[PDB]
Each structure stands twice: as C-alpha cells, then as structure tokens.
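Inspection log for the structure reproduced underneath, given as structure tokens.
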Amino acid sequence: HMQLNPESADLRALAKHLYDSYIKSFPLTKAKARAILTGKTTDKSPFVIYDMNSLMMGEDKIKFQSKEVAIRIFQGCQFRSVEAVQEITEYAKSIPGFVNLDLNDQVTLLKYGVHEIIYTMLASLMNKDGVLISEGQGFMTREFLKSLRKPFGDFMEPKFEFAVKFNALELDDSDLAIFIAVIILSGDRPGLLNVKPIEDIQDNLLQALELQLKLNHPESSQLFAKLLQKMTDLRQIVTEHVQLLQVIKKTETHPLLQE
Amino acid sequence: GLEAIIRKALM
Ligand SMILES: O=C(NCc1ccccc1)c1cc(Cl)cc(C(=O)Nc2ccccc2)c1
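So the sequence lines, in the order shown, correspond to chains A and B.
Using my numbering, count along the first sequence one by one with no gaps and you end on 259.
Using my numbering, count along the second sequence one by one with no gaps and you end on 270.
Quick look at the structure:
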C-alpha cells in the first residue's frame with residue numbers, strides 16, 4: 001500500500017521542481033493550450049487557416065522566401081523546432097544530475113530525445129481539428145496541412161495520429177514535465193560513454209513519474225505502463241519522421257545555424 | 260547542425 005513518508009515527499013518535491021522548470025522553459029503550457037482550443041480563455045482568439053485563402057490572409061496577419069505555400073509552411077515548422085530544441089535543452093539543465101553528466105553524454109541524450117519531446121509538446125497544441133502555431137496566434141487545420149502537395153501533405157499526419165491517442169490519456173503539465181525528463185534520461189541512446197549514471201537519474205524520474213500518475217489519475221491504475229508504451233511508440237515514430245526529413249532534403253531546395 | 264544548437268544552448 002502507499003504511505004506519505006520522507007521518500008514519497010522527496011519524489012513530490014522533485015515533481016514540483018520539474019513542473020516549475022517546465023513552466024519556465026516552455027512559454028505555451030498544455031493548460032494554456034487547452035484554454036485556447038476550448039474557448040475557455042479571455043486571451044486573443046487565434047486566426048484559423050482552413051484553406052489557401054485563409055492561409056494568404058494568415059501570413060499577412062500572424063506576424064511570425066519560397067513562392068510555394070507548402071515550402072513556406074514547412075520552413076516555419078523547422079524554424080519552430082530549432083526554438084523547441086533550445087527550450088528542451090534549457091529544461092534538461094534543470095533536471096537534478098543532468099549538468100553533472102559528461103557534456104558529450106548531455107549532447108547525445110538531447111540529440112536523440114528532442115524529436116520525441118517535440119511530438120509530445122505538439123500533442124499539447126492539437127485537437128481533432130488542427131494545431132496551434134505561432135505561440136497560439138494561429139490555428140492550422142489537420143485537413144488543410146493534409147491537402148499540401150507531396151511530400152509536405154503527409155509531414156504532420158503521424159503527429160496528429162500520435163496526438164489523438166496521446167491526448168485521450170488526459171495528461172496535464174505536472175505529468176508531462178516528469179514524462180519528458182524520463183525520455184531525456186534514456187540510457188540506451190547510441191554512443192553514450194557512461195550509461196549507469198543516466199539510468200540512476202532515470203530510475204529516480206521513473207519513481208517520481210509513477211507516484212505523479214497514481215496521485216493525479218485515479219481513473220487508470222496502469223497509466224504508468226501505458227506512458228512507457230508511448231515512449232516505445234515514439235522511437236519508431238521518430239524513425240519514420242527522420243526518414244521523411246531526408247526524402248524532402250534530397251528532393252526539395254535558420255539564422256542561428258548561419259551565425 | 261542539431262549538435263551545434265544543443266552545445267551552444269548547453270553553455
Ligand atoms: O508557423 C508555421 N509555419 C510558417 C507559416 C505558417 C502559415 C503560413 C505560412 C508560413 C508552422 C507550421 C506548422 Cl505545420 C507547425 C508549426 C509549429 O509550431 N511546429 C512546432 C514544432 C515544434 C514544437 C512545437 C510546434 C509552425
């Protein structure tokens with residue numbers, strides 16, 4: 001049975017520390033996202049891109065140079081992912097023990113984690129109709145993205161597919177902060193030098209995640225197991241994503257890379 | 260590319 005002891009208290013303070021750091025590193029939280037998507041906010045109502053005409057108006061009145069709509073959209077998506085890498089790295093630094101690891105191992109974890117965490121944070125921004133863009137100034141429908149010419153038409157479909165089932169689990173920001181920390185501290189990334197210290201931090205994050213989910217989700221006694229199955233799903237999902245990022249690169253031709 | 264951004268962000 002479960003007891004409120006010094007050990008459970010320390011896992012709750014670790015959970016709270018990650019939440020606080022999460023809120024700091026990620027400007028747009030799932031709570032705020034869900035308020036915008038459900039019209040349960042006083043904040044400015046986002047501009048809806050549902051067709052080519054509403055895209056053209058949207059570019060002029062979103063305020064975020066290829067002559068193809070499809071390429072301009074994909075470029076915005078890739079620029080936002082660079083920004084997401086920076087936010088996720090900043091978050092990684094807040095995880096107790098992470099800045100103490102071999103810098104090269106710090107890089108490897110982030111290098112192989114960021115795509116998996118980007119799919120996760122995209123679900124927070126999605127409902128059945130589409131995805132919030134431009135830090136919640138815009139909303140782009142799933143069916144409009146799907147109408148873009150090959151190979152851009154299929155770019156966002158697997159993120160939507162993941163998000164529909166991931167969102168059904170009804171995680172909140174407190175669950176997600178720990179979930180994302182478990183992903184980053186994955187001891188099985190290729191090329192890691194010193195595995196055990198990563199598994200040691202991960203063990204602690206897994207205990208914290210399990211407790212968070214028991215306290216926060218009385219409706220699913222095996223939510224912990226289901227979340228580990230999603231980390232497993234995300235691995236092959238990122239495989240397919242990285243695959244398509246190539247097919248684009250060699251078939252179709254950010255200021256911090258230029259610097 | 261990806262490593263470049265992570266390393267500079269990690270500073
Ligand atoms: O702003 C975007 N594209 C530029 C644009 C929009 C509309 C008309 C012309 C040009 C854009 C488009 C898509 Cl499909 C997704 C995202 C996005 O926010 N991705 C994202 C990645 C990582 C973490 C969180 C979100 C951004």
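Ideal placement from N, C-alpha and C gives every residue a C-beta, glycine not left out.
Between the beta-carbon of residue i and the beta-carbon of residue j, is there less than 7 Å?
| i | j | result |
| --- | --- | --- |
| A:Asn127 | A:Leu37 | yes |
| A:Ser25 | A:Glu90 | yes |
| A:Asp173 | A:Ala13 | no |
| A:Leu245 | B:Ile265 | no |
| A:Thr41 | A:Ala33 | no |
| A:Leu148 | A:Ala70 | yes |
| A:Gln106 | A:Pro46 | no |
| A:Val114 | A:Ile133 | no |
| A:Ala15 | A:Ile95 | no |
| A:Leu11 | A:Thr108 | no |
| A:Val48 | A:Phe139 | yes |
| A:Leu234 | A:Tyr112 | no |
| A:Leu223 | A:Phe179 | no |
For the alpha helix (DSSP H) containing residue i, name the first residue and the last one.
| i | result |
| --- | --- |
| A:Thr42 | Premise fails: A:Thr42 is in no alpha helix (DSSP H) and is neither H nor E. |
| A:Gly76 | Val69 to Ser94 |
| A:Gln246 | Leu223 to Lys249 |
| A:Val107 | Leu103 to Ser124 |
| A:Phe160 | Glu157 to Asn167 |
| A:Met57 | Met52 to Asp60 |
| A:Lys150 | Note, A:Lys150: premise wrong, no alpha helix (DSSP H); not H, not E. |
| A:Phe179 | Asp173 to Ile184 |
| B:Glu262 | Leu261 to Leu269 |
Within 7 Å of any Cβ in chain B, is that where the Cβ of residue i sits?
| i | result |
| --- | --- |
| A:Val85 | yes |
| A:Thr232 | no |
| A:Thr239 | no |
| A:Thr141 | no |
| A:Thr89 | yes |
Going by DSSP, what residue range makes up the beta strand (DSSP E) through residue i?
| i | result |
| --- | --- |
| A:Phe26 | Unbroken run through A:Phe26: none, as it is neither H nor E. |
| A:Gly130 | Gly130 to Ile133 |
| A:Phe139 | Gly138 to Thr141 |
Which of the residues in the stretch 25-52 of chain A, read from start to end, lie with their CB under 7 Å from any CB of chain B? none
Please list, in chain order, the residues of the stretch 105-128 of chain A that have any C-beta partner in chain B closer than 8 Å. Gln106, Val107, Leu110, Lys111 and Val114
Just to be sure I understand the criterion: a residue counts if its Cβ is closer than 5 Å to at least one heavy atom of ligand 1. Which residues meet that? A:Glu59, A:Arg72, A:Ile73, A:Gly76, A:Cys77, A:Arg80, A:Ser81, A:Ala84, A:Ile118 and A:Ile133
Contact set between the stretch 55-85 of chain A and chain B, restricted to residues whose Cβ is under 7 Å from the partner: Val82 and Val85
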